[PDB]
Amino acid sequence: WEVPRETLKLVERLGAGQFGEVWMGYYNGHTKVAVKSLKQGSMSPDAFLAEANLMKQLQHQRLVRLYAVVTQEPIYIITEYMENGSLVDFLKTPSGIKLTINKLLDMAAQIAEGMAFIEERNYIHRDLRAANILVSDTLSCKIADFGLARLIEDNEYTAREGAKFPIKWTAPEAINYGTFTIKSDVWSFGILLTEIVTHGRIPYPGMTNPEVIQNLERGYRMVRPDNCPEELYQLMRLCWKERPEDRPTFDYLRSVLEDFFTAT
Ligand SMILES: CC1(C)CC(NC(=O)c2cccc(-c3cc4nccc(Nc5cccc(O)c5)n4n3)c2)CC(C)(C)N1O
Ligand SMILES: [Ca+2]
C-alpha cells in the first residue's frame, strides 16, 4: 500500500477543506489518480490514515478504491479518480442539469447498491450526503469519504459526546442521543434523495437547524421538493420513519429504485 512520493505528480487542485486538499494527479506516469493531502496539525497522521486502513477492508466497485498511501508528511491517500467529482456539484453543471429523472433514479440506485454492501459488512458511514458521492466519466457513482465510518459489532455506535454533525442529514436519534446505526444512514439517504431531485439544493431550504429539529419533533418531515415524483417522495418517507427499526434496508431501497427507473 505504501509507495514512494516520487511516483506521483500533482497537476490540478480540486478542493481544500479544513483537513487537507484533494488533487488530480498521475501515478507511475500513465495512471490518473486522486491524491488527498493532510494539513499538518488538522489531526494526527494516524487519524487521517485511518480512512485508508478502512478502505482496505471495504472494497467494492460502488465504493471509491484506495490505491496507496505516503506515510511521511505530508501524508497522502491515493485513490481511484472520479472525473466528474462531487455529485452535489456535478448535478448543477450543464450536464447534470439536463439529466432526466430516469438517470437520476439510476444514480440513486447505484448509491443504495454501495450502501447495501457497506450494510452487509457491518459498517456505518455516518456522513452519507450528496457531497460525498463521486461521479465517474461514465456517470457512474461511488461512495467516498469514510472518515466517520465505523464498524458496528453491537448493532449501534454511540458518538463521542461533543461530536457535531450536519443536522439536516442526521437522523434524530443520532442528533438527540448520539446513537448511530445503519438505519441512521438510511435516514441520511432519504435526505440525499431530495438532494438528487433538486439538483444539489440544500435540504429544508430556508430553514434553520433548530427549526428543523423542532419540526421533526412535531412529527413533520421535509416538504415535498418541487417537481419530486410522489412515489419517490414516499420512498423518501420510509427512510424517515420515527422508529429506526422501521426504516428499510439499503437492498430494499436499491430494488425499488431500480424498479422506479426501469419504469421510465
Ligand atoms: C477538472 C474539473 C474542474 C474537476 C472537477 N472536480 C472537482 O472540482 C473536485 C472537487 C473536489 C473533489 C474532487 C474529487 C474527485 C475525486 N476523485 C476521486 C477521489 C476523490 N477524493 C477523495 C479521495 C480519497 C478519499 C476521499 O474520501 C475522497 N476525488 N475528489 C473533485 C470536475 C470537473 C469540473 C468535471 N472537472 O472538469
Ligand atoms: Ca458540463
Side-chain angles (χ1 to χ4, degrees), residues 1-3 5 7-28 30-39 42-71 74-100 103-104 107 110-111 114-115 117-118 121 123-150 165-166 169 185 188 192 195 199-200:
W1 290 116
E2 164 75 26
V3 313
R5 153 150 42 236
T7 63
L8 308 161
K9 173 182 181 176
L10 309 186
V11 179
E12 192 183 356
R13 190 155 72 109
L14 308 168
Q18 185 185 16
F19 301 110
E21 312 159 340
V22 178
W23 285 78
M24 189 287 281
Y26 282 98
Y27 170 87
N28 270 341
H30 308 99
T31 306
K32 210 167 174 185
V33 301
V35 187
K36 177 181 281 193
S37 86
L38 170 75
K39 181 84 165 165
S42 48
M43 82 183 66
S44 83
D46 270 332
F48 180 78
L49 279 160
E51 181 183 10
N53 293 337
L54 180 155
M55 301 175 67
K56 292 161 181 165
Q57 312 308 314
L58 282 180
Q59 293 183 338
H60 191 277
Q61 288 302 128
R62 297 275 54 74
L63 273 59
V64 169
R65 184 60 57 88
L66 169 79
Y67 275 15
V69 308
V70 169
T71 63
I75 305 304
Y76 290 162
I77 297 168
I78 301 142
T79 76
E80 198 174 20
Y81 181 66
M82 303 293 278
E83 194 101 38
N84 283 331
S86 170
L87 180 61
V88 288
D89 293 351
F90 173 78
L91 281 165
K92 299 167 178 170
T93 68
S95 297
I97 293 171
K98 308 169 191 184
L99 292 190
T100 64
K103 176 53 186 181
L104 299 166
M107 281 171 152
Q110 303 191 12
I111 303 176
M115 288 299 303
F117 169 75
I118 297 173
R121 303 313 303 168
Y123 278 87
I124 62 185
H125 195 269
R126 285 203 310 161
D127 195 1
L128 184 59
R129 41 183 291 166
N132 297 331
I133 306 310
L134 303 178
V135 189
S136 78
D137 67 342
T138 57
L139 310 190
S140 66
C141 299
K142 305 190 176 200
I143 307 175
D145 207 346
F146 312 86
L148 294 188
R150 301 285 185 265
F165 291 87
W169 282 270
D185 277 339
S188 293
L192 200 141
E195 230 165 344
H199 290 266

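Counting convention: from 1, in listed order, for ligands and their atoms alike. Residue numbers run from 1 in the order of the sequence given.
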*With sequence neighbours left out, write down each residue that passes salt bridge (charged side-chain N to carboxylate O under 4.0 Å, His left out) with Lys39, or none if nothing qualifies.*
none
Can you give me every donor-acceptor pair (side chain of residues 17-28, partner residue at least two apart or in another chain, under 3.5 Å) with its distance?
residue, atom, partner, partner atom, Å
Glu21, OE1, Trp23, NE1, 2.9
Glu21, OE2, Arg13, NH1, 3.0

*Is a side-chain donor-acceptor pair under 3.5 Å present for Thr93 with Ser95?*
no
_Taking non-hydrogen atoms within less than 4.0 Å of ligand 1, which protein residues qualify?_
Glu12, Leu14, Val22, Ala34, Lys36, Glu51, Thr79, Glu80, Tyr81, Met82, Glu83, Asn84, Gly85, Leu134, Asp145
*asked:* For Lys9, give me all partners under side chain to side chain donor-acceptor pair (under 3.5 Å), at least two apart in sequence or on another chain.
replied: none
*Within 45° of the axis and under 6.0 Å from the centre of the six-membered ring of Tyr76, does NZ or CZ of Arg5 qualify?*
yes
*asked:* Does any part of the side chain of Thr79, heavy atoms only, come nearer than 4.5 Å to the side chain of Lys36, both counted from C-beta?
replied: no
